[PDB]
Ligand SMILES: [Ca+2]
Ligand SMILES: [Ca+2]
Ligand SMILES: [Ca+2]
Ligand SMILES: [Ca+2]
Ligand SMILES: [Mn+2]
């Protein structure tokens, strides 16, 4: 009141004809001349709409006075025909606005739009001003509040992803007050009697950051002696075009907005934004798939990359079973990053190209269907921003070009990507790409994760473009997910950088807004989770917040144990709260924090209450407001006044199956988890109190160590291991049959079942054990055997007369022969290894040589050992045998994968056998056989993979490309950019191809090399060391300056008597020659690359 009171034009609506539309509880007085609400009335209390007439709209940004005719449709409903004509700006249109009261809601709908100009979605338009592209009712508040009203206040949320900075504004409406003209995602006005919330489908943006997702605009308007704060819908979009081409019809969404009016809705006897937020759930858009979120407790990524097939579709079902047992049936969400093409960041845009080397559409369909019973939902990683020449959808027309006409290059890794123009893509059939995937896959896939979208790589990725993209995905029945905490606010249900707490640091997490989280906490994982070092909202949020970890290869992640502990430490309780809707949010006093380079104030939530449809009430209370107290980072949680979490421990009722379905009373359970040692005591519900109670320790074998608990006056006391999940039931439970590895033709391919029962052991069974790697990955170990030990299992469900490959991962520390043998009943084939000599450098593979997932002695020499065979007519007697001849030291085996394969490598025949060896790379089972990737990049998503032909884009000449990606057929072996490394790129190993002692072989291949002597053919023996081991080097010349195609290389190689000779490709110390090119041009054109094809090795 110390600044000058403000004054404005008075209201004069003495000549206005008003009508009333009303439900039983809500009356709205409306102008017949224009769709303006003068005032809302509910239970004798009022809120203004737009008090000052503004009978104008903005059409394509032009102020227009519409010619309006009114009709009263019925007691609740009025229509306004609004003719829009301005010849000078080529506006000749009409729209109908319907105002309708439904219970305590007012609906504002543009129900019908007619553009009299000729516009046809999909066709060229000569003049964009002919489009009816935007409709704005800015200037007409849908609801407001006046400074003359007691308790007048506005609350609004904007996007903030910085954990120190709340996105919310709380503004008292006073005269005087600060100017206000600002976009909001959510907005409320209230008095001490009524609160109103406003929703709009407007995909307006005023800019990036807090200016985005601004579907509402709040404005201060001084009317007479009073200030009003009014909430307006932001501008709506309609007919739009790109470079003259009108977008498809589905991009037009009819404008809609809603207001909801409420008294006290949480029984705290105060009326404020929280009541408005509760009521707002009845008018708001709901991101499709949101209902599922609360029961997706175990999210993770399973990764494939670079043709390696690290995680075949049917293998992922075994990880789902492991997590099912270990969590006693918590729901799951597995994002398949690398589901398509050759893996992650291969083949982008071709969404329907399901990865062949991981089992194709047939195994993907099986994974989806069979995962349902475990409440496991599958998602896929796609890209709508960048592609590669290999992709069916790579074309000049789709590529993004800079103003100077150069390509907007993407990242160079396996291949040099080029960004696409997403607006062009939308305007030229993007939708059909999703349709093709949906048709091929059928029903059942849960979610689409669109990587990078939001970062502008493909041009406009803002609110409008994101809603269009999400609608294409939702239309196929899929749920939307994206990378950034700030992305997809309207439609996303999952944000990777909100959920993986380690990413981005404190400025780039989930949505830091009490208002937004209150409204939608239960609908998405988009929030600030607990990560103390970020401070602010991340310093122990009372609602928790998803914490994602992984164990299936994503960024080299393999920590299964840590994954499960994390689920219990953060996610069980986070997900518990998502089964309820927030009803009350109470802040404590501001505290001072110091972290991330500043001292700042933060106002922490001290209590949050939640409720469900059955009026269960959950109360979550922070144990101290003192930021220096250990109790600041602790909560008490009650359900109906019963303590279920207190500090370090919880004993939490879980009444839902893996898919969220309510459990029968007798299947109800409770989870216990305590991050500290110590006895804890819990009050049970009376219907548990008079029952026997049974406790189980949860492990990767499911429920173990059954104990009957002693109940005393309805209490139990639990004194158990810290950081260890348990589950409690009212009756004795059993572990069901998991059918490990169903569809993979063998039982329990990964040694997860805790026994070798399905194997027939010939020899001393005490010498064969399932043991844990340094990464807790179970493996078969055979050691210390004086006689042969063999393990045999039938291969089941094979097709007759069909060609197959089978491999087992093998790491042999013994010199003794370790073998895989298949007997089809007509033929026996066998492959073996003596001591393993090649470390494993595949980052997304579970048994790479990184120390934390090493086999033993801090190393892993795991490599896939293959046999190739063909079934005959009878498939009832096909056996696989793993054996180890006598030796002291250990052989490790894991992951037996049998799958169709059509290679013809052995004297032009499929089956393992003698004859000239040939690799044309046209029928590779997986990886780069007979080579394995070397240590040139250490453990990495290796820059060598099988290159796929897409003429002319992948071949010499396209954008000045010097060398072909593919030499002959559809596939070659490509190494991208690994020049000047002085290290081994890849090598054969004896189990893949053996240079027999004292025999001599001719090794021939065709190759492309972009520069002279950057790569060399090498001959070695034993384990490579970069004392550098001895190598016979053959530097290779470039293949383009004096040749129109790949050159031929040929070498004589004699096998060392020790049997451990191999050959490969080595990155020399020589600098490449990029012929004056730099940047993306030099990367694209292949100066730094090496391609091989048509390998042949024959004895001479
Ligand atoms: Ca003052
Ligand atoms: Ca209230
Ligand atoms: Ca295993
Ligand atoms: Ca080929
Ligand atoms: Mn490629």
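Going from the start of the chain as shown, residues are counted 1 onward.
Recorded method for this deposit: X-ray crystallography, 1.9 Å.
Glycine residues also receive a Cβ, built from the backbone N, Cα and C atoms like all the rest.
Note on the expression tag (1-3): residues 174, 176 of its chain, located 6 or more positions outside it, place their CB under 8 angstroms from a CB of the stretch. Summarising the annotation, the PDB entry assigns expression tag to 1-3.
For the recorded site, residue 266 (Ca(2+) 1 binding site), the DSSP three-state label reads coil. The number of other CB atoms found within 10 A of the CB of residue 266 (Ca(2+) 1 binding site), across every protein chain shown, is 18. Per Swiss-Prot, Ca(2+) 1 binding site is recorded for 264, 266, 268, 270, 275.
The region 'Catalytic' annotation in Swiss-Prot covers 289-580.
Under the heading substrate binding site, Swiss-Prot lists 345. In this view, residue 345 (substrate binding site) is surrounded by 23 other Cβ atoms within 10 Å of its Cβ, with every protein chain counted.
Annotated active site, nucleophile per Swiss-Prot: 451, in sequence order, evidence recorded as similarity to another entry. For residue 451 (active site, nucleophile), the same-chain residues that are 6 or more apart in sequence and have a Cβ closer than 8 Å to its Cβ are 381, 382, 383, 385, 483.
Residues annotated as active site, proton donor/acceptor in Swiss-Prot: 483. In the three-state DSSP assignment, the secondary structure recorded for residue 483 (active site, proton donor/acceptor) is coil.
Counting every protein chain shown, the Cβ of residue 971 (Ca(2+) 2 binding site) has 21 other Cβ atoms within 10 Å. Positions annotated as Ca(2+) 2 binding site by Swiss-Prot, on the basis of similarity to another entry: 920, 922, 968, 971, 1093.
Note on the binding-site residues 920, 922: the fewest other CB atoms within 10 A surround the CB of 922.
Checked against ligand 4, the binding-site residues 266, 920, 971 give 920, 971 as the ones with a Cβ under 6 Å from it, listed in sequence order.
Residues within less than 8 Å, Cβ to Cβ, of residue 275 (Ca(2+) 1 binding site) and separated from it by at least 6 positions along the same chain comprise 190, 195, 262, 263, 264, 265, 266. No coordinates are deposited for the 5 residues that fall between residue 1026 and residue 1027. The C-alpha atoms bordering this gap are 8 Å apart. Among the binding-site residues 268, 270, 920, 922, 968, the residue whose Cα lies closest in space to that of residue 345 (substrate binding site) is 922.
Its own atom aside, the Cβ of residue 1093 (Ca(2+) 2 binding site) has 23 Cβ atoms within 10 angstroms in the protein chains shown. Rounded to a whole number, the C-alpha distance linking residue 920 (Ca(2+) 2 binding site) with residue 268 (Ca(2+) 1 binding site) is 74 angstrom. The most crowded of the recorded positions listed here (264, 268, 483, 968) is 483, judged by how many other CB atoms sit within 10 Å of its own CB. The Ca(2+) 2 site is set by 920, 922, 968, 971, 1093; from the centre of their CB atoms, other residues of the chain with a CB within 8 Å are 921, 966, 967, 969, 970, 972, 1094.
Distance from the CA of residue 268 (Ca(2+) 1 binding site) to the CA of residue 968 (Ca(2+) 2 binding site) is 75 Å. For ligand 2, there are no nearby recorded positions; that is, of 451, 922, 968, 971, none has a C-beta under 6 Å from one of its atoms.
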